[PDB]
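Engineer: Got a sequence here, can you model it:
(chains A and B, ligands or ions: 2)
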There are 2 protein chains.
Amino acid sequence: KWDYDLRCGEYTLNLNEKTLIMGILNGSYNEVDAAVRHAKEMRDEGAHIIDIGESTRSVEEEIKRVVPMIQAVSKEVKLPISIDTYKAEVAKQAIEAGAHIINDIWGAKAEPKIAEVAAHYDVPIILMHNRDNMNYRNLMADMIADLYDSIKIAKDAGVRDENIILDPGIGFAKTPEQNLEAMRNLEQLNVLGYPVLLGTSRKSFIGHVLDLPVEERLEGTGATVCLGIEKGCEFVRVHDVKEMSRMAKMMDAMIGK
Amino acid sequence: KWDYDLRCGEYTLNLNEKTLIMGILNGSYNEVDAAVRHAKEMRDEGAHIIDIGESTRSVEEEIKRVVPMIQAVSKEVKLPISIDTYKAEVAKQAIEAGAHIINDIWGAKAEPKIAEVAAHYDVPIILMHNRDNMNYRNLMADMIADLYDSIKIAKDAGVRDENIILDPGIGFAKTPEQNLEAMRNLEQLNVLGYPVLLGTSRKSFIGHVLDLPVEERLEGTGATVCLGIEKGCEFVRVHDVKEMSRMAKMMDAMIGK
Ligand SMILES: Nc1nnc(N)c2[nH]cnc12
Ligand SMILES: Nc1nnc(N)c2[nH]cnc12
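Structural biologist: Residues are numbered from 1 along each chain as shown, chains lettered A, B, ... in the order given. Ligands and ions are numbered 1, 2, ... in the order given. This is the structure:
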């Protein structure tokens, strides 16, 4: 049991009742309208949070791209919005524009000032494992270490524990077998005592294992998400929200959550 | 590691390389032809064994229904065939007609003479947990006990250990929460030291949890099959073979098998 709640301005995410789903989102009128449509579609079929992200596969632009997105969806889909950036000034504008959770693929390493931004608005922050290189003495030990330096940065910045989520960053700075192997030892991040988000939606190593292009990776995302939840993580971040919402309630039922 | 092989007349199923998939099969010309088509389709998309079954949801008929089915598919799809009966004389005819594995939903309780039939042809037998009633002092303890009486019957009948597979019989003589709870403690059957088959394909308690009719239970079958494999079982028996074959290779990759 957690004994606290994920508070997010207007919204609250109890963390015991069920595994929380994060829907990935794919300033003119056409974009802001395919996005409100799509955010709506995700609220409709199980999502618990919308993640508005650059595709990762200039600063002034990110604001311009993303601020409009948030204004609309927050005003139109009543769910907490997470902003997927690693730039501070961007994140600044986004909560400022309406978004409630941060979500940083550089776990405060790339832009330390971001963490302060969190402390400041009291917004939960996701800290993802990542590194400019990828050679490890020992994978699991080494990523638990790294994550711990993120937390350190968060904390020295003023961020309360209760606002801290970790993510093993499956997909980044990782060989295909390395990804798999983190997958096998997900349980270990548990010992740091924070809620964990898993993010594995149609990543390349599913491709690698199954031999299958992005739009054929829905069953592999499946397997990751289950073996995820059964190693006890608190959110999954995914593209295919109808299907994952259902594998989640199933796992929940079975592992009894 | 197992140190033996599942030998099946002409075919051999190594049990370490991967989780083995069992495709469920759904004497005129039309039936024997929808069945060869469908058996073929399953060989094509991942199955490792075909299971030819009465739908369970007179003796002389079962032979007549099922003997033709086997003759054709064994002659046409080159894979080992399991016959899903609990009658002895039926099973008799089926291996006799060509089928290689037995598969008994009454774990030798309903018709003890069946076990002898196995000893006799040396065909691997699946023994499923089941009971004419369903009130337990203690579920897991009680089903491990029951299974143990099946094995006893098998052994006293001459059946070699290496031909013995167990199945927790999720779906039978079980309340919805009871099913779930067996699901959570699958690992326990492991201590009896035989290969386990899980059989949960679109069963009712997925319906119960997810609230969803048989043709909408593919993601829930998913969850069962993963949490299955991650609790270490050796086959899954399923309807939707494209999709499960893929969640299986994924799990395999991740748990490293
Ligand atoms: N691309 C991503 N952005 N934010 C996250 N939190 C992720 N986890 C796994 N992949 C990602
Ligand atoms: N209906 C079934 N027949 N044979 C099996 N082995 C099963 N396991 C779960 N359901 C079944």
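Engineer: Helices along the stretch 151-257 of chain A, start to end?
Structural biologist: A:176-184, A:204-210, A:218-230, A:241-251 (DSSP state H, counting those that start in this stretch).
Engineer: Identify each buried residue in whatever helix or strand residue A:69 lives in, please.
Structural biologist: Using DSSP states H and E, residue A:69 sits within helix A:59-76. For helix A:59-76, burial by neighbour count (16 or more other Cβ atoms under 10 Å in any protein chain shown) applies to A:62, A:63, A:66, A:67, A:68, A:69, A:70, A:72, A:73, A:74. Any C-beta I mention is one placed from the backbone N, CA and C, and that applies to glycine too.
Engineer: Show the residue spans covered by the helices in the stretch 1-150 of chain A.
Structural biologist: Taking DSSP H, counting those that start in this stretch to define them, one finds helices in the stretch 1-150 of chain A at A:31-44, A:59-76, A:88-97, A:113-121, A:139-156.
Engineer: how about the residues of the stretch 51-200 of chain A near ligand 1?
Structural biologist: Within the stretch 51-200 of chain A, the positions lying close to ligand 1 (Cβ under 6 Å from any ligand atom) are A:56, A:84, A:103, A:105, A:126, A:128, A:167, A:171, A:199.
Engineer: hey, what's the fifth one bridged with?
Structural biologist: In this structure, residue A:126 has beta-bridge partners residue A:103, residue A:165, where bridges are defined by DSSP bridges.
Engineer: Is it correct that it is in contact with residue A:167?
Structural biologist: Yes. The pair formed by residue A:126 and residue A:167 meets the contact definition of Cβ atoms under 8 Å, at 5.6 Å.
Engineer: Pull up the overlap in contacts between the two.
Structural biologist: Contact criterion Cβ atoms under 8 Å, 6 or more residues apart in numbering or on different chains; residues shared by residue A:126 and residue A:167: residue A:197.
Engineer: Just the buried ones from the residues of the stretch 51-200 of chain A next to ligand 1?
Structural biologist: Of these, these count as buried by 16+ other Cβ under 10 Å: A:84, A:103, A:105, A:126, A:128, A:167, A:171, A:199.
Engineer: so who does the third one touch?
Structural biologist: Counting by Cβ under 8 Å, 6+ apart, residue A:105 makes contact with A:56, A:84, A:86, A:128, A:130, A:169, A:172.
Engineer: Could you point out which of these is nearest to chain B?
Structural biologist: Closest to chain B out of these is residue A:169 (16.1 Å), distances taken as Cβ to the nearest Cβ.
Engineer: Skip the chain neighbours and tell me the closest residue to that closest one.
Structural biologist: Spatial nearest neighbour of residue A:169, chain neighbours left out: residue A:129 (3.7 Å); criterion: Cβ to Cβ, 6 or more residues apart in numbering or on different chains.
Engineer: That neighbour touches residue A:178, doesn't it?
Structural biologist: No. Applying Cβ under 8 Å as the test, residue A:129 and residue A:178 come out as separate, 11.5 Å apart.
Engineer: Of those two, give the one with the bigger neighbour count.
Structural biologist: Set residue A:129 next to residue A:178 and count neighbours by other Cβ atoms under 10 Å in any protein chain shown: residue A:129 wins out with 26 against 16.
Engineer: ok, that one - contacts?
Structural biologist: When contacts are counted by Cβ under 8 Å, 6+ apart, residue A:129 touches A:107, A:143, A:146, A:147, A:150, A:166, A:167, A:168, A:169, A:172, A:173.
Engineer: 7 Å - rerun?
Structural biologist: A:107, A:143, A:146, A:147, A:167, A:168, A:169 (Cβ atoms under 7 Å, 6 or more residues apart in numbering or on different chains).
Engineer: what's near enough to touch whichever residue of chain A sits closest to ligand 1?
Structural biologist: Here the residue of chain A nearest ligand 1 is residue A:199; by Cβ to the nearest ligand atom that distance is 2.2 Å. Residue A:199 makes contact with A:167, A:170, A:237, according to Cβ under 7 Å, 6+ apart.
Engineer: Who does it form a beta bridge with?
Structural biologist: Assigned bridge partners for residue A:199, using DSSP bridges, are residue A:237.
Engineer: Please tell me how far it sits from ligand 2.
Structural biologist: Per Cβ to the nearest ligand atom, to the nearest Å, residue A:199 is found 34 Å from ligand 2.
Engineer: which residues touch residue A:243?
Structural biologist: A:218, B:219 are the contacts of residue A:243 under Cβ under 7 Å, 6+ apart.
Engineer: want to throw the contacts of residue A:105 into CSV with distance to ligand 2?
Structural biologist: Listed next are the contacts of residue A:105 as CSV, based on distance: Cβ to the nearest ligand atom, whole Å:
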residue, distance to ligand 2
A:56, 43
A:84, 42
A:86, 48
A:128, 40
A:130, 44
A:169, 39
A:172, 40
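Engineer: any idea how far residue A:72 is from the residue lying closest to residue A:75 once chain neighbours are set aside?
Structural biologist: Nearest residue to residue A:75, sequence neighbours excluded (Cβ to Cβ, 6+ apart): residue A:98, at 7.6 Å. Distance, residue A:98 to residue A:72, using Cβ to Cβ, to the nearest Å: 9 Å.
Engineer: So which bits of the stretch 51-200 of chain A are right by chain B?
Structural biologist: Counting by Cβ under 7 Å from any Cβ of the partner chain, the positions of the stretch 51-200 of chain A adjacent to chain B are A:180, A:183, A:184.
Engineer: Need the outlier residue of chain A, farthest from its centre.
Structural biologist: Within chain A, the residue lying farthest from the chain centre (Cα atoms, centre = their mean) is residue A:29, at 27.0 Å.
Engineer: so what's that one up against?
Structural biologist: By Cβ under 7 Å, 6+ apart, residue A:29 has no neighbours at all.
Engineer: Need the distance between the two termini of stretch A:23-39.
Structural biologist: 8 Å (Cα to Cα, to the nearest Å).
Engineer: can it be found next to ligand 1?
Structural biologist: No. If you take Cβ under 6 Å from any ligand atom as the test, stretch A:23-39 misses ligand 1, and the best it gets is 7.8 Å.
Engineer: Please state the offset of that stretch from the chain centre?
Structural biologist: 19 Å (Cα atoms, centre = their mean, to the nearest Å).
Engineer: Quick check: buried residues in stretch A:94-108?
Structural biologist: Going by neighbour count (16+ other Cβ under 10 Å), the buried part of stretch A:94-108 is A:94-95, A:97-108.
Engineer: so how far is it off the chain centroid?
Structural biologist: 10 Å.
Engineer: Run a quick neighbour tally on the residue nearest to residue A:149 when sequence neighbours are not counted.
Structural biologist: Closest residue to residue A:149 apart from its sequence neighbours, by Cβ to Cβ, 6+ apart: residue A:109 at 7.5 Å. Using other Cβ under 10 Å, residue A:109 has 20 other residues around it.
Engineer: Single out the residue in chain A that lies closest to ligand 2.
Structural biologist: Closest point on chain A to ligand 2, by Cβ to the nearest ligand atom, is residue A:254, at 15.8 Å.
Engineer: Leaving out sequence neighbours, find the closest residue to that residue.
Structural biologist: That would be residue B:183: by Cβ to Cβ, 6+ apart, it lies 4.3 Å from residue A:254.
Engineer: Residue A:115 now?
Structural biologist: Using Cβ to Cβ, 6+ apart and skipping the chain neighbours, the partner closest in space to residue A:115 is residue A:157 (3.7 Å).
Engineer: Just list the residues touching that neighbour, thanks.
Structural biologist: Counting by Cβ under 7 Å, 6+ apart, the residues that residue A:157 touches are A:115, A:116, A:118, A:119.
Engineer: Buried subset of those as a ChimeraX selection?
Structural biologist: This is how ChimeraX selects the buried members of these, with burial counted by 16+ other Cβ under 10 Å:
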select /A:115,116,118,119
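Engineer: now the contacts of residue A:157 as a markdown table including distance to ligand 2?
Structural biologist: Below are those laid out as a markdown table (distance: Cβ to the nearest ligand atom, whole Å):
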| residue | distance to ligand 2 |
| --- | --- |
| A:115 | 51 |
| A:116 | 56 |
| A:118 | 49 |
| A:119 | 53 |
